[PDB]
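One structure is given here, and the rest of the page talks about it.
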Amino acid sequence: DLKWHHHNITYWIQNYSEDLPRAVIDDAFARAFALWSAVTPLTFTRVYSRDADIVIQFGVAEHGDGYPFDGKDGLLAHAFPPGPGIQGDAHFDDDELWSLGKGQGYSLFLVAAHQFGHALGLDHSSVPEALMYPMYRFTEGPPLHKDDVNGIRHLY
Ligand SMILES: COc1ccc(S(=O)(=O)[C@H](CC(=O)O)C(F)F)cc1
Ligand SMILES: [Ca+2]
Ligand SMILES: [Ca+2]
Ligand SMILES: [Ca+2]
Ligand SMILES: [Cl-]
Ligand SMILES: [Cl-]
Ligand SMILES: [Zn+2]
Ligand SMILES: [Zn+2]
C-alpha cells in the first residue's frame, strides 16, 4: 500500500538468465522500464549497487523470500511493491524459457514490464488486454493499455 516518494528510480541487474545474452537482457529491461517512464515523470537509471530501488534477480525454487518458484511453467516471476529493503525487487523464474516476440517461451520483455508495474505499486488489472492482467498472453503492438496508463498516472 505504498508508492515511491521519488521519481528517480534506480535498478540493478543482479544476475542473468542462461536463456538470453546479457546485452539482450539489459535491452529487454531498459525497454520494459521505458514503457512506464514514457507515460509518467518517472525515470529509471541502471546502477551497480544493492542500494538500487529495484533489484532484478533470476532464481530457481527457493531464492531467499518465502515464495520459491515452481520450476517450468506456473509462477513465472514476481515483484515486491514499493518499500524499503526487498520491497521493490523483481524476481524471475530462470526455470522458465525466456525469449522475445513470437515463438515458444515467455517474453522477458513483456513479463518484466508487468513485474516492474508491481514494483512501482500497480495492482493487477481486470482488463484482459491490459499489461497488468494476471494472465500471461503474448501480444504485438503497444504493451500498455489505457487502464495501465491511468493506473500508473494515478500514482505518479
Ligand atoms: C504477462 O505478465 C505476467 C502476468 C502474470 C505473471 S505470473 O504468472 O507470475 C502471476 C503473478 C505475477 O504477476 O507476479 C500469477 F499468474 F498470478 C507473469 C507475467
Ligand atoms: Ca515457474
Ligand atoms: Ca531458463
Ligand atoms: Ca520466442
Ligand atoms: Cl549471472
Ligand atoms: Cl516480446
Ligand atoms: Zn522472489
Ligand atoms: Zn502480477
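Residues are referred to by chain and number: the chain letter is A, B, ... according to the order shown in the C-alpha cells, the number counts from 1 in that chain, and ligands are numbered separately from 1 in the order shown.
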
Proximity of segment 66-95 of chain A to segment 123-135 of chain A: per-residue shortest pair, 12 Å limit, only C-alpha atoms, as CSV:
residue,atom,partner,partner_atom,distance
A:74,CA,A:135,CA,10.6
A:75,CA,A:135,CA,10.5
A:76,CA,A:135,CA,10.4
A:77,CA,A:134,CA,11.1
A:78,CA,A:134,CA,10.9
A:79,CA,A:123,CA,10.9
A:80,CA,A:123,CA,10.8
A:81,CA,A:123,CA,9.0
A:82,CA,A:123,CA,11.5

Practice item. Please return as a list in words: the residues of chain A that backbone DSSP assigns to strand (DSSP E). Key: residues 8, 9, 10, 11, 12, 13, 43, 44, 45, 46, 54, 55, 56, 57, 58, 59, 77, 78, 79, 90, 91, 92, 93, 98, 99, 106 and 107 of chain A

Exercise for review: Run DSSP on the backbone and give me the residues of segment 4-154 of chain A it puts in helix (DSSP H, G or I), as a VMD selection string.
Suggested key: chain A and resid 22 to 37 108 to 120 146 to 154

Point to revise | Non-local contacts of segment 17-29 of chain A (10 Å; only C-alpha atoms; under 5 positions in same chain excluded) as number ranges by chain | key: A: 11, 34-35, 46, 56-59, 92-100, 105, 107-113, 116

**Study point:** Distance criterion (only C-alpha atoms): nearest to residue 68 of chain A out of A:91, A:103, A:31, A:39
**Key:**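 The answer is A:91, which sits nearest to residue 68 of chain A.
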
**Study point:** Nearby residues (only C-alpha atoms) at most 10 Å from residue 5 of chain A, same-chain spacing under 2 positions excluded, as a list in words
**Key:** residues 2, 3, 7, 8, 9, 82, 83 and 156 of chain A

Practice item. Using atom CA of residue 137 of chain A and atom CA of residue 152 of chain A as the two end points, give the distance in Å to one decimal. Key: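 Pair atom CA of residue 137 of chain A / atom CA of residue 152 of chain A returns 20.8 Å.
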
Exercise for review: For each of A:60, A:38, A:55, A:144, take the minimum atom-to-atom distance to ligand 3, counting only C-alpha atoms and all ligand atoms, then give the residue where this is smallest.
Suggested key: A:60
